[PDB]
Amino acid sequence: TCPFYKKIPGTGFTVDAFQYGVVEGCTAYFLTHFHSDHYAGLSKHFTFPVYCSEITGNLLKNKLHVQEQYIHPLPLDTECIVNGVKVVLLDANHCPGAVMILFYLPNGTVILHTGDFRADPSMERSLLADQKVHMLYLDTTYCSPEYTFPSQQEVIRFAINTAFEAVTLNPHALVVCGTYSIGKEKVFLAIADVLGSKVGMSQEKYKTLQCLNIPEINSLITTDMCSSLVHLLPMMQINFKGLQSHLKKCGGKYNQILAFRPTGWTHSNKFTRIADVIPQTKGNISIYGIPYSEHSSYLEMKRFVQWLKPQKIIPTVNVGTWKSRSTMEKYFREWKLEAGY
Ligand code: NI
């Protein structure tokens, strides 16, 4: 049945709740972003109002064929009225089109739902600064102190420098980058830009990217793999067997592959700095796991919450085990005692 942490009290609303059939009492279904664990359930046969960003609405129409009459895109940073309730969509610093949602309940309670987010100090200057938030529905994906990672900027500097050095030493090397969803576009686009190439990809992935309102995108991507020396493949193909096979397909144009897997966290982070990352190599194939995250680190999450000072926190991730739930609740209490709220 629909879990309580997907329902907004005092409303008829749900968030990211498309796989439970008709949720009893739901008058508007919000969708924070286009990732499959959140949209699971949607299709051309859905006939209730879906509220989302413009970008998410482009993906719903083009990729899932949801009918236009049921898609209600809202502008960001703008007070809107939905079924009699004031709402605002904020940038979540997650994947393209991802939002946080502020609900202003008729009784005066204010609720923020983060969806999936990567907390940032820039959020401390949005419309969130303007009033008190009472209840926080929090993306707790990496809510434990072991989870550190570098800035996105540090990670892209590493990737760009590695790629440029490799291809300048060997102009016959091919760069491959893995993907299995939207998000992390900066990895492949920044590498193609330093090399003077477009990124080559499947027709399906090209279609997906053309829904994202990225500026000048026609100049950066292509379905012509032969004209490109940065290729995008499914994340499942980023292994030695899959890469050897791909190299065969390129007909002796290339003699070396340098591949990137943008993981979330991996326990090489507890020890290793970004400067010290090394690849796995077999023959003329090397594979780099880089820690490019679109979720908050522990410290980023903690700073956001201690700034916001909510009265009640409802986790939305890692809620399936009692040990995880109890650990998170202990951190929330530490944060509150340290900060004084
Ligand atoms: Ni997500």
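The basis for the numbers below is simple: all heavy atoms, side chains too, and nothing from hydrogens, waters or symmetry mates. This chain uses plain numbering: 1 for the first residue, then up along the sequence. Note that ligands are numbered from 1 as they come in the structure, with each ligand's atoms numbered from 1 the same way.
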Open item on the list: Is a donor from one side chain sitting under 3.5 angstrom from an acceptor on the other, for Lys198 and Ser227?
Closed with: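 Side-chain D/A pair, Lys198 to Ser227: absent.
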TODO: Give me the one residue out of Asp116, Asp139, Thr32, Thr114 that meets side-chain hydrogen bond (donor to acceptor under 3.5 Å, both in side chains) with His94.
DONE: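 For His94, the side-chain hydrogen bond (donor to acceptor under 3.5 Å, both in side chains) check succeeds only for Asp116.
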- [ ] Please work out whether the ring planes of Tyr142 and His295 are parallel, tilted or perpendicular, with thresholds of 30° and 60°.
- [x]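 Rings of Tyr142 and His295: perpendicular, as their planes differ by over 60°.
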Open item on the list: For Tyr147 and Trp265, take the angle between the two ring planes, folded into 0 to 90°, and tell me which bin it lands in: parallel under 30, tilted 30 to 60, perpendicular over 60.
Closed with: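 Taking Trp265 first and then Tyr147, their aromatic rings stand perpendicular (interplane angle over 60°).
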TODO: Would you give the length of the straight line joining atom CG of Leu233 to atom OH of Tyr180, rounded to the nearest 0.5 angstrom?
DONE: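 Reported to 0.5 Å precision, the distance equals 14.5 Å.
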TODO: Keeping waters out of it, list the protein N, O or S atoms under 2.8 Å from the Ni ion (ligand 1).
DONE: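 Atoms qualifying: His33 NE2, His35 ND1, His94 NE2, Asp116 OD2.
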Task: Atom CD1 of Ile278 with >12 non-hydrogen neighbours under 6.0 angstrom - done: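 No, CD1 of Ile278 has 12 or fewer neighbouring heavy atoms, counting only those of other groups under 6.0 Å.
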